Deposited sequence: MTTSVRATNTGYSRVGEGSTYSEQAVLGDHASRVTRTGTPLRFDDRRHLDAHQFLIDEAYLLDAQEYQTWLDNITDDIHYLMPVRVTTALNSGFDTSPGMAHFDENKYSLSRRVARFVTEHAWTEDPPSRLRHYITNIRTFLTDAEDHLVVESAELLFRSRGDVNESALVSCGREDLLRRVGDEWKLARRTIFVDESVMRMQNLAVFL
């Protein structure tokens, strides 16, 4: 319906509508440096699978969304499955997902994967609201589990909304997955 992916997302009604303005900040600009420091620390949390810590860096009005991508013709005006996403999460769903890992009864991840979230191509934007940044990144996930199967890649882009609360926190995440058909056993991870 809308024209972010966040606005088109079925469960994106309560999501923050803050958007970017200006060109990107310089790479010595304090706000950029903060954003960068944030995304790299996340990465180390997500590698170690510190999902409780990670969640405390996520606002209570978070929209965490990664739509299904579909291959489409050039002037079709879309490239995601209408009304279908891989992830379309609020804070409650995200925390209940993490709760799951915490029970240690999430069999598909005992034993655990080996995760390496590679983060690159970071760049920051001022927004149309006070305590808010827009951060684009590229994230390549490398994953390996057990002693038979080859490892999987997952390539994506992200637009994030960061929000100042005392510390920076994650208010919106839109993941642009670079594959139509995923090649991973599951998405019992986070991007």
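Worksheet item: What gaps appear when the modelled C-alpha atoms are mapped onto the deposited sequence?
Response: In sequence order, the gaps with no modelled C-alpha are 1-16, 183.
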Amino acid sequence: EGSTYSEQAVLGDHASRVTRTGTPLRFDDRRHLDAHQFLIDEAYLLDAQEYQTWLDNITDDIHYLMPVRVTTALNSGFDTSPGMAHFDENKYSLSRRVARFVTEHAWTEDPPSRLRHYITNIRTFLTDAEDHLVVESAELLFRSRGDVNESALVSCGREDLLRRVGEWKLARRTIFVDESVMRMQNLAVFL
From here on, numbers count along this sequence of modelled residues.
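Fill in: 115-123 set against 101-109, stretch whose average Cα temperature factor tops the other in the entry
Result of the comparison: 101-109.
Item to complete: Name the higher of the two by mean Cα B-factor in the PDB entry, 30-38 versus 142-150.
Response: Result of the comparison: 30-38.
Practice prompt. Quick one: which of 43, 62, 162, 156 shows the highest Cα temperature factor in the PDB entry?
Written response: 162 has the highest C-alpha B-factor of those listed.
Worksheet item: If you rank the chain by CA B-factor, which third does residue 9 end up in: lowest, middle or highest?
Response: Residue 9: CA B-factor falls in the highest third of its chain.
Worksheet item: When the modelled residues of the chain are sorted by Cα temperature factor, does residue 75 land in the lowest, middle or highest third?
Response: Top third by C-alpha B-factor.
Practice prompt. Looking at the entry's B-factor column for C-alpha atoms only, identify whether residue 68 ranks in the lowest, middle or highest third of its chain.
Written response: CA B-factor rank for residue 68: lowest third.
Practice prompt. Select lowest, middle or highest to describe the third in which the CA B-factor of residue 15 falls within its chain in this entry.
Written response: Its C-alpha B-factor belongs to the highest third of this chain's values.
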